[PDB]
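1. 3D, please:
(chains A, B and C, ligands or ions: 1)
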Amino acid sequence: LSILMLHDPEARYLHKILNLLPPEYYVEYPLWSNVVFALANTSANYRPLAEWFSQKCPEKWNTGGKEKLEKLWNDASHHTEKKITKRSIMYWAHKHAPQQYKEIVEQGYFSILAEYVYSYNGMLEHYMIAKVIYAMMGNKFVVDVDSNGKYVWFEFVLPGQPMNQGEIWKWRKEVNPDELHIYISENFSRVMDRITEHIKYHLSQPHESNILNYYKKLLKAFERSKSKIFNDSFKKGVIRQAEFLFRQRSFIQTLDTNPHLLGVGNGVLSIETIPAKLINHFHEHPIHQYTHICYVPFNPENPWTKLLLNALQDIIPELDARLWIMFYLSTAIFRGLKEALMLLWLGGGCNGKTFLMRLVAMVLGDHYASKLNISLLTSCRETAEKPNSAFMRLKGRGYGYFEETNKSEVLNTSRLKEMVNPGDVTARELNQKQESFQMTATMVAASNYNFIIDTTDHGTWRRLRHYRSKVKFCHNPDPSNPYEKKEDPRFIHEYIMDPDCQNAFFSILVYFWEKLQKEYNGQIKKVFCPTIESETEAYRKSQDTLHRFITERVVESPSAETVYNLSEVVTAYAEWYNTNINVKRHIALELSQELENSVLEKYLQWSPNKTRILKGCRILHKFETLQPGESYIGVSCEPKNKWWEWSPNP
Amino acid sequence: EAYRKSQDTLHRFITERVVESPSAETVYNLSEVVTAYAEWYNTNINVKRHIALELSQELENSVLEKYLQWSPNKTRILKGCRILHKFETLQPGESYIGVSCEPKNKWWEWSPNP
DNA sequence: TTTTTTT
Ligand SMILES: Nc1ncnc2c1ncn2[C@@H]1O[C@H](COP(=O)(O)OP(=O)(O)NP(=O)(O)O)[C@@H](O)[C@H]1O
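-> Numbers count the residues shown, from 1 in each chain, chains lettered A, B, ... in the order given. This is the structure:
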């Protein structure tokens, strides 16, 4: 409600006096209305009755009796014979508690400025008006020192302001306090004028003995010093001195650290509790970054929401795969520690990639999502003192997507383990110091052919997920093929640029995040989808070349007198891999311990020369050459016009 | 100790590819051993470059000393001890050359003087 | 501190 508006410190000044009033006005009709009438006589702008509602009880005297007091305030605001001044309010405050009244009024802005003026004979300096400005404007601005050692200003943005779009109810960064400078030459000038009038009143008093010459000297000196408010160097010195008063010591390091708060175009979205709420009023959460998308609650009757849900049904035909992909993409709005997962999307031609992943990126914005290049995953890493500015593009963001594949790229598994696990990553920002941060990103890679996984350890395969698109988008040549559908170019040209479509998709993402938090305990491994698991299993078995070599080249041989040791089969694997993907020089010791388990452990035996003397299992080492014996060693409901709420099985 | 024994590739090469051939006239200068060990290391261990001289000193400091002798031309030679040069193909005679508590209540604290 | 140029 902002009962004490930050643009008017006299509301806070008057609220202190209303607290200072005796509690006999609390829970009573007549004198409460008398003070309301007096306060409306002094200033009728809905401020002092709001302060009455805040400090004391709003309607405890009569529930539903607000409108009677509103009508009384209206009658006070109209022409009123009686006109009670504010001096009656000061008289009542002094009557209730004189010492408390005095102690309350020493901390006001006018008393601080008047004390400075009287104690320094009208000579005003930088720290004095900096202190007054901090007293009257200290809740709207903040100062902190960044990593480079510079003092940076931050301003809280209110609805009525020349504001960049999406900045409301947040802290915006300022290289200079633009508003404070104007405030000094405007609002502060007004209070200076009030002090001038007070000095004129004290001049209008009788001469007494010698105080009148002192008063004219004070008036002359203050009139000389009053012009310094509009001087550029004086204002610069005032702002420089105000940096030590507006300073908050741990503001920048706290600035975007709550992962349950998300800056959005109409305020701050809080996903701490279900349902998620929209803070569009004053608050104390430090929020700087935001997205341009405004948060509206999820409503399927919206035409854009209906269009987007139909599009989602078009892109992914399987219901369980659609639910899993939506649950996975919903975790992109969270910027905390999440599970070590990675999704690979494979599509032949015109598919839903670059529409869905780019939609997530555009609804999250530049601060919360980013597009990443495939050189971070495929090429070998650089020496860490080089400032990799592409690796710094996932510091404080919860979503990342790769989009480029040259020709069946082979990804570096060390980079995969580095960029997926919930741990710390060390890298150097360009022209900056080497630093460590936390991995909080949900990652999706879209490919056109495939990815080659060289390793077969449990570490890289417990964090890899694979999906293949089953829908081809060919509008002109759309045959009876069910998986074949006619396309609209608008989805890539107009719908992805439309703010209403982005708002609807963000609402869908928030709804699916809440669904994941409700049905499961936010854990995505409990999402039971057989299609994704089966596709990952098939992809893993395709990438595992050990079993393919053992089933293809190694055959059962009855009564075989030939002896095949580990160097022979390692060289056979070397020539097989020469006929496979690429040259791929490897380590023979690790290949020996890797085929140590394999599936030949049943037939493998020990040698007197502490070696491996595996008998039988003659390799073909050519094409065909079939064994005359036998055997092989390698042992060779859809949603009913409704979804996004489906949960009979869970 | 087990890891240091398993990381000694020269001992493994001598055990695997060098066998005590009795009454063998096979002449094996350090260069032959260096080449054989280099292939053995690259084939069994990770392929990597080797220093011929350093390798000669390495193989020199081993059981080879027993069967390693100077030549009339002052050249290190391995008397007999035919090398396998391939899988099996070992000398049966004279066999090969390469020899072939409980926490009770709390575990954080223990015997100060075991 | 980068660009570089390490190569
Ligand atoms: N649900 C949908 N319904 C109709 N048309 C769609 C839908 N999703 C995408 N399209 C269209 O499909 C076309 C293919 O574009 P795009 O999605 O970028 O292809 P892509 O597979 O992602 N990338 P690429 O395979 O290299 O061409 C675009 O013109 C979209 O407008």
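
2. surely residue A:435 is within a strand?
-> Yes: counting by DSSP: H, G, I helix; E, B strand; the rest coil, residue A:435 falls inside a strand.

3. so how far is residue A:141 from the closest residue to residue A:2 other than its chain neighbours?
-> Nearest-residue entry for residue A:2: residue A:282, 5.1 Å, with adjacent residues in sequence omitted and distances by Cβ to Cβ, 6 or more residues apart in numbering or on different chains. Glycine gets a C-beta too; all of them are placed from N, C-alpha and C. Distance from residue A:282 to residue A:141, counting by Cβ to Cβ, to the nearest Å: 14 Å.

4. who's more crowded, the two?
-> Applying other Cβ atoms under 10 Å in any protein chain shown to residue A:282 and residue A:141 shows that residue A:141 carries more neighbours, namely 21 against 15.

5. beta partners of that one?
-> residue A:155 (DSSP bridges).

6. please verify my assumption that it contacts residue A:178.
-> No: the pair residue A:141 / residue A:178 is not scored as a contact, 10.7 Å apart, by Cβ atoms under 8 Å.

7. can you classify the residue sitting nearest the centre point of chain A by secondary structure?
-> A centroid search over chain A (Cα atoms, centre = their mean) returns residue A:262, at 4.5 Å, as the residue closest to the centre. With three-state DSSP as the basis, residue A:262 sits in strand.

8. give me the nearest residue to it, chain neighbours excluded.
-> residue A:269 (4.5 Å).

9. after the host helix or strand of the one you found comes which helix or strand?
-> For residue A:269, the element it lies in under DSSP states H and E is strand A:267-270. Under the assignment DSSP H and E, the closest C-terminal helix or strand after strand A:267-270 is strand A:277-279.

10. helices or strands up against that next one?
-> Counting contacts by 3 or more Cβ pairs under 8 Å, 6 or more residues apart in numbering or on different chains; DSSP states H and E, strand A:277-279 is packed against strand A:267-270.

11. report all helices and strands that the strand it packs on contacts.
-> Looks like strand A:267-270 contacts strand A:261-264, strand A:277-279 (3+ Cβ pairs under 8 Å, 6+ apart).

12. just the ones you listed: most buried one?
-> Scoring the helices and strands packed on strand A:267-270 by mean neighbour count under mean count of other Cβ atoms under 10 Å in any protein chain shown gives strand A:261-264 as the most buried, with a mean of 24.

13. partner strands of that one and their direction?
-> strand A:267-270 (antiparallel).

14. off-centre distance for the strand it pairs with?
-> Distance, stretch centre to chain centre, for strand A:267-270: 10 Å (Cα atoms, centre = their mean, to the nearest Å).

15. what comes into contact with it?
-> A:168-170, A:260-263, A:276-281, A:283, A:285, A:287, A:295, A:510 (Cβ atoms under 8 Å, 6 or more residues apart in numbering or on different chains).

16. tally of neighbours for the residue of the stretch 151-300 of chain A at minimum distance from the ligand?
-> Residue of the stretch 151-300 of chain A nearest the ligand, by Cβ to the nearest ligand atom: residue A:300 (17.3 Å). Number of residues near residue A:300 (other Cβ under 10 Å) recorded here: 15.

17. cool, residue A:476 as well?
-> So residue A:476, with other Cβ under 10 Å, has 6 neighbours.

18. swap in residue A:218?
-> Residue A:218 has 19 nearby residues by other Cβ under 10 Å.

19. so how far is the strand or helix carrying it off the chain centroid?
-> With elements taken from DSSP H and E, the one containing residue A:218 is helix A:211-226. Between the centre of helix A:211-226 and the centre of its chain there are 55 Å (Cα atoms, centre = their mean).

20. show me what contacts the residue in the stretch 51-200 of chain A that chain B sits nearest to?
-> Taking Cβ to the nearest Cβ, chain B has its nearest neighbour within the stretch 51-200 of chain A at residue A:147, 41.2 Å off. Residues in contact with residue A:147 (Cβ under 8 Å, 6+ apart) are A:432-433.

21. is it fair to say it lies in a helix?
-> No: assigned with three-state DSSP, residue A:147 falls outside any helix and is coil.

22. now do the helices in the stretch 301-450 of chain A.
-> Assigned by DSSP state H, counting those that start in this stretch, the stretch 301-450 of chain A shows helices spanning A:303-315, A:319-330, A:356-368, A:413-420.

23. next: the stretch 101-250 of chain A.
-> A:109-119, A:126-137, A:178-185, A:187-204, A:211-226, A:232-242.

24. how big is the angle separating the lengthiest helix in chain A from helix A:303-315?
-> Across chain A, the helix with the greatest residue count (assigned by DSSP state H) is helix A:499-519. Inter-element angle recorded for helix A:499-519 and helix A:303-315: 70 degrees (by axes from the mean of the first three to the mean of the last three Cα atoms, to 10 degrees).

25. anything in helix A:499-519 near the ligand?
-> No: under the criterion of Cβ under 6 Å from any ligand atom, helix A:499-519 makes no contact with the ligand; the nearest approach is 12.2 Å.

26. what does the next helix or strand after that helix contact?
-> Per DSSP H and E, the first helix or strand lying C-terminal to helix A:499-519 is helix A:530-543. For helix A:530-543, the external contacting residues (Cβ under 8 Å, 6+ apart) are A:318, A:320-321, A:324, A:452-453, A:456, A:461, A:464-468, A:547.

27. gap between the residue of chain A found nearest chain B and residue B:44?
-> Of all residues in chain A, residue A:587 sits closest to chain B, at 4.5 Å by Cβ to the nearest Cβ. Distance, residue A:587 to residue B:44, by Cβ to Cβ: 10 Å.

28. around the ligand, which positions in chain A sit nearby?
-> Counting by Cβ under 6 Å from any ligand atom, the positions of chain A adjacent to the ligand are A:311, A:314-315, A:347, A:349-355, A:473, A:487-489, A:491-492.

29. filter those residues down to the buried ones, ChimeraX style.
-> Selection of the buried residues among those in ChimeraX, burial being defined by 16 or more other Cβ atoms under 10 Å in any protein chain shown:
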select /A:311,315,347,350,351,352,353,354,355,473,487,491
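
30. looking at the residues of chain A next to the ligand, which are in strands?
-> residue A:473 (DSSP state E).

31. ok, back up a step: pretty sure the residue nearest to the centre of chain A contacts residue A:367?
-> No: taking contacts as Cβ under 8 Å, residue A:262 lies outside contact range of residue A:367: 10.0 Å.

32. what sits in contact with each of these two?
-> A:290-291.

33. what number of residues lie near the residue of the stretch 251-400 of chain A found nearest DNA strand C?
-> Closest contact between the stretch 251-400 of chain A and DNA strand C, by Cβ to the nearest atom of the strand, is at residue A:387 (3.7 Å). When counting by other Cβ under 10 Å, one arrives at 16 neighbours for residue A:387.

34. also the one 3 residues further on?
-> Using other Cβ under 10 Å, residue A:390 has 13 neighbouring residues.

35. phi, psi for it please.
-> phi -80, psi -30 (degrees, to the nearest 10).

36. residues of chain A that sit close to chain B?
-> With Cβ under 8 Å from any Cβ of the partner chain as the criterion, chain A meets chain B at residues A:563, A:565, A:567-568, A:570-571, A:585, A:587-589, A:592, A:608-611.

37. of these, buried ones?
-> A:565, A:567-568, A:570, A:588, A:592, A:609, A:611.

38. including secondary structure, could those go into a markdown table?
-> Below are those laid out as a markdown table (three-state DSSP):
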| residue | secondary structure |
| --- | --- |
| A:565 | coil |
| A:567 | helix |
| A:568 | helix |
| A:570 | helix |
| A:588 | helix |
| A:592 | helix |
| A:609 | coil |
| A:611 | coil |
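
39. residue A:601 and DNA strand C: what is the separation?
-> 43 Å (Cβ to the nearest atom of the strand, to the nearest Å).
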